[PDB]
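Taking the form deposited without 9~{H}-xanthene-9-carboxylic acid (UJQ), here's one chain by itself in structure tokens.
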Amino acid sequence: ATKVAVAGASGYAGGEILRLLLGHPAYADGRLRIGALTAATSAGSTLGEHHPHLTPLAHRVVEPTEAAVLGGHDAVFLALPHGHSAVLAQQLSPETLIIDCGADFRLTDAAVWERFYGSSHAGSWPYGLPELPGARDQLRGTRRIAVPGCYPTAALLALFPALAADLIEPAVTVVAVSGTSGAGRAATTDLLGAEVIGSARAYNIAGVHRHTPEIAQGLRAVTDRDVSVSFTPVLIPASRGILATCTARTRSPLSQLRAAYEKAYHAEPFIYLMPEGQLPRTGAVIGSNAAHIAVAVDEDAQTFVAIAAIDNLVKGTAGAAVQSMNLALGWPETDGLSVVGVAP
């Protein structure tokens, strides 16, 4: 038996976390109750005024986000903005499993955080991405976990095998398109429906995006050199989706490179490689926790190309955090998680 609380339940990542558990088999056989659901947002209303899609829970009242609410729970999910969490991972019993979907415990260079986040470094928890090397083992039995930002999870997955095996250079460009949910739920003008419907704008360009030193950081653990990410984000008229287009100059032939992804990805059940001459779509991974990956080489520019489509809310946020919870409790890693999406 394991009791769970979701901090930030009021919104997209949190409510999509509940959604996953309602269909988990632990919940379906008493091994996991759903306890406290919290938010600074409208606390006293019903969860269902926020997520009409989760009706088995529609009757809950949201309590305040407080230590009092969150204690008494073998697992709490934090789904916040940067800054709320570090305060709270101390006011809670360390004997508990903490999962941060926020960034507070994501990076391992303190200077790199201050610069891109304008606050003080709170520490670094294991990365909630098991398909990376080493990340899988440091997760088994862990009781604290940082969940990668959606775009990083996309980038890293397209690019680590080729960097790891020494088949590209570390001067990578990654331009990935996204749905307006992984923008969060804070109602601002720029995220209305009339504004996003029928438009495509990039934002936070030129390496000024907080996920940039993160696609960086991850990339450097698979090689000796430094790295530089030209990282550009594009917000597009969908609710969910992350199609990641990554290039980097290489002088290797494509045959060698198919080997690498086949080699890094033949026992990963969430990662599926396109048969040659196919490509991922973001619509084939919606709902699911699966990343669809393909790779190619442009030779009249000596550039290598990888592509990765995931759900910015499953394998980019809530699925990563649930998958790392399965490793955290040693439960079967692929419980609560399909590979099949809700297309079209």
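Only residues modelled in both forms are compared. In this text, residue numbers run from 1 along the sequence as written. Just so we're on the same page, rigid core means the largest C-alpha set that superposes within 1.5 Å between forms.
J.: When the Cα temperature factors in the entry are averaged, is it 327 to 335 or 17 to 25 that ends up higher?
T.: Of 327 to 335 and 17 to 25, the stretch with the higher C-alpha B-factor average is 327 to 335.
J.: Tell me which stretch, 249 to 257 or 227 to 235, has the higher mean Cα B-factor listed in the entry.
T.: The recorded data point to 249 to 257.
J.: So among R60, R33, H292, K315, who wins on Cα B-factor in the entry?
T.: In this record, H292 carries the highest C-alpha B-factor of the candidates.
J.: Going by the entry, which of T153, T96, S181, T189 has the most elevated CA B factor?
T.: Spelled out: the listed residue with the top C-alpha B-factor is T96.
J.: What third of the chain does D298 rank in for C-alpha temperature factor, lowest, middle or highest?
T.: It falls in the top third of the chain.
J.: Would the CA B-factor of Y265 place it in the lowest, middle or highest third of its chain?
T.: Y265: CA B-factor falls in the highest third of its chain.
J.: Lowest, middle or highest third: where is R240 by Cα B-factor in its chain?
T.: Lowest third of the chain for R240's C-alpha B-factor.
J.: Comparing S199 with the other modelled residues of its chain, is its CA B-factor in the lowest, middle or highest third?
T.: It falls in the bottom third of the chain.
J.: Could you say whether, by C-alpha temperature factor, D137 belongs to the lowest, middle or highest third of its chain?
T.: According to the entry, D137 has a C-alpha B-factor in the chain's highest third.
Just so it is clear, the following notes concern the form solved in complex with 9~{H}-xanthene-9-carboxylic acid (UJQ), a form of the same protein that is not shown.
J.: Which one, 138 to 146, 158 to 166, 172 to 180, 119 to 127, holds residues whose non-hydrogen atoms are within 4.5 Å of 9~{H}-xanthene-9-carboxylic acid (UJQ) in the deposited bound form?
T.: Answer to the contact question: 172 to 180.
J.: Quick check: do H82, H209 and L235 each get a heavy atom within 4.5 Å of 9~{H}-xanthene-9-carboxylic acid (UJQ) in the deposited bound form?
T.: Every residue of the candidate spot has a heavy atom within 4.5 Å of 9~{H}-xanthene-9-carboxylic acid (UJQ) in the deposited bound form.
J.: Hey, in the deposited bound form, is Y151 touching 9~{H}-xanthene-9-carboxylic acid (UJQ), heavy atoms inside 4.5 Å?
T.: Yes, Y151 lies within 4.5 Å of 9~{H}-xanthene-9-carboxylic acid (UJQ) in the deposited bound form.
J.: In sequence order, what stretches of at least three consecutive residues shift by 2 Å or more at the Cα level between the shown form and the other one, with the rigid core held as reference?
T.: Core-superposed, just one run shifting 2 Å or more comes out: 81 to 84.
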